[PDB]
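# Chains, contacts and geometry: an overview
So the chains spell out like this:
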Amino acid sequence: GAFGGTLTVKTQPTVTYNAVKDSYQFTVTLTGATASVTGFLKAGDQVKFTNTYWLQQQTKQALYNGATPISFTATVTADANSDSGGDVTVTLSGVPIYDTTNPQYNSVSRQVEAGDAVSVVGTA
């Protein structure tokens, strides 16, 4: 069954990435549907986002690869707007786990890219 949540990634999810302080968040302007939906979801509601980074080939200078990260459940941290323009901006807690786990410090981490899809795994 469907919850009625199917959104899009309009911008690039990136915010404070700190490990020793256990601080991982990302802010995004997401895209959604028309008005009459006052807040898709809010603080504490979980989503399921799939922002697939294909920025692998150029960053590794090789290894064309055939598997994109494929992200999963995240969490919305405030009022997420469904307006007439279908723009839903809200910041999330968490990160692309198992993929962006490499700060590297010398090897510049792969950059985030927009154009992916979003869904909702939260309940109430």
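Residues numbered from 1 in each chain as written, not as in the entry; some residues may be left out. Heavy atoms only, no water.

What the deposited record gives as its method is solution NMR.

## Some points on the overall build of the protein chain
The number of helices and strands found in the protein chain is 1 helix and 7 strands. Here the protein chain has a C-alpha radius of gyration of 15 Å; the compact-globule value for 124 residues is 14 Å, and the two agree. Referenced to the eigenvectors of the C-alpha coordinate spread, the extents of the protein chain come out at roughly 45 × 30 × 25 Å. Across the 124 residues that make up the protein chain, the buried fraction comes to 27%. Summed over its atoms, the accessible surface of the protein chain is roughly 7,800 Å², and 52% of this surface lies on carbon and sulfur atoms. (Helix = DSSP H or I, 4+ residues; strand = E, 2+ residues; numbered from the N terminus. Rg over C-alpha atoms; globule rule 2.2 N^0.38 Å. Buried < 20%, exposed > 50% of the residue type's maximum accessible area, 1.4 Å probe, protein only. Areas by Shrake-Rupley, 256 points an atom, 1.4 Å probe, with all protein chains shown as cover.)

## A short note on the nonpolar core
Grouped together as the largest cluster of nonpolar side chains are 16 residues, with contacts concentrated most on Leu30 and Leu92. Listing elements by their share of this core, those giving two or more residues are β1 (6–9), β3 (23–31), β4 (46–50), β5 (73–76), β6 (87–93) and β7 (117–120). (Core = buried A, V, L, I, M, F, W, Y, C linked by side-chain atoms within 4.5 Å.)

## Quick notes on the environment of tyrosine 98
With respect to the secondary-structure elements, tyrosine 98 resides in the loop between β6 and β7. Once the C-alpha coordinates of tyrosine 98 and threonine 31 are considered, the two residues, 67 residues apart in sequence, prove to be 25 Å apart.

## Details of a nonpolar patch on the surface
Residues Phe72, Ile97 and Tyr98 make up a contiguous nonpolar surface patch of about 340 Å² in total accessible area. Summarising the element assignment, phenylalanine 72 is placed in the loop between α1 (57–60) and β5. When its relative accessible area of 33% is taken as the criterion, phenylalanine 72 is described as partly exposed. (Patch = residues over 30% accessible without salt bridge, like charges linked within 9 Å, V, L, I, M, F, W, Y side chains within 5 Å. Salt bridge = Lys/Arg side-chain N within 4 Å of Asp/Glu carboxyl O.)

## So, the environment of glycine 44
With respect to the secondary-structure elements, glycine 44 resides in the loop between β3 and β4. Spatially, the C-alpha atoms of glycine 44 and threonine 68 are 28 Å apart, while their sequence positions differ by 24 residues.

## Here's the deal with the side chain of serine 71
Note that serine 71 resides in the loop between α1 and β5. Take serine 71: its relative accessible area is 6%, and that puts it in the buried class. A polar contact of 3.3 Å, which involves the side chain of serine 71, links it to the backbone oxygen of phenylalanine 49. Excluding anything up to four places from it in sequence, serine 71 contacts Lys48, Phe49, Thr50 and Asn51. (Polar contact = N/O pair within 3.5 Å; in protein donor to acceptor, adjacent residues only side chain to side chain. Contact = heavy atoms within 4.5 Å.)

## Re the pairing of β4
The sheet contact formed by β4 and β5 spans 3 bridges and is antiparallel. Bridge pairing in β5 places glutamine 46 opposite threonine 75. Both β4 and β7 contribute to a ladder of 4 bridges, which runs antiparallel. Each bridged residue has a counterpart across the sheet, and for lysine 48 the counterpart in β7 is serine 119. (Pairing = 2+ DSSP bridges.)

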